[PDB]
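Starting off, we have a lone chain in the form deposited without its partner chain, written out as structure tokens.
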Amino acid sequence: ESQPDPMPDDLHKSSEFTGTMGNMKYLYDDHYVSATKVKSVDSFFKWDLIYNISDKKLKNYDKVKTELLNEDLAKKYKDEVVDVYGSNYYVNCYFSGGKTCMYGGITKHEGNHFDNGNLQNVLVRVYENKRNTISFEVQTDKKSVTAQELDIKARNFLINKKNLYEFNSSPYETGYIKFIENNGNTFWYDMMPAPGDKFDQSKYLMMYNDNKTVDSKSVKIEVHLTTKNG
């Protein structure tokens, strides 16, 4: 069965996070690793794969390590031509040009694109205190895309248009992004940092571990946010 939707108590509260929200915003504000048609060239531990991908932007890395949920997943893509898309981190990024790390974000390149650069739109409906406030679409060049990629694009949008995350704190108390697959299966991610005075980016991004992918042409996205009072 699909993952049970979250109850209030099941969600992190921004009011219980006393660190700097800017460190969460950082991970989604025009921030991501993207590469097309590449093959891993190394591996640190048996559950990760290393790729030669350069920071087109500010030349901050030429090596990217992505960690997967387990060895089989790494084995699966080790020798495949793939596309990569995910949110990277530097703090506590370690492995034997600059380096950066991430989790999942891997999809087979062969026969996963749209003949002649077309892009697939994906619906995202935003709810604030249980009511749909705005609706929009994110796009992807992949037929089977990682939930991570769509999540990142959704949050990037909301950061700019709803100040989802700001330097210190957020306008919202709780937030989760839910995916609804065309077969009825659903799952969600908590959009707020764990309670405490520090945000562990690496530990947070580990959730993209499973390299979960969905059908871009049929999946639907729901972002459910709440304000502390209403």
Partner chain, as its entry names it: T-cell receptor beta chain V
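Positions refer to the first chain, counted from 1.
What comes next is about the form deposited with its partner chain bound, which does not appear here.
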Item to complete: May I ask whether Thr18, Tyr26 and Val91 all come within 4.5 angstroms of its partner chain in the deposited complex, judged by heavy atoms?
Response: yes
Practice prompt. Give a yes/no on whether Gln201 approaches its partner chain to within 4.5 Å in the deposited complex, heavy atoms considered.
Written response: yes
Worksheet item: Is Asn52 one of the residues lying within 4.5 Å of its partner chain in the deposited complex, judged by heavy atom distances?
Response: no
Worksheet item: Should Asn60 be counted as a contact of its partner chain in the deposited complex, where contact means heavy atoms within 4.5 Å?
Response: yes
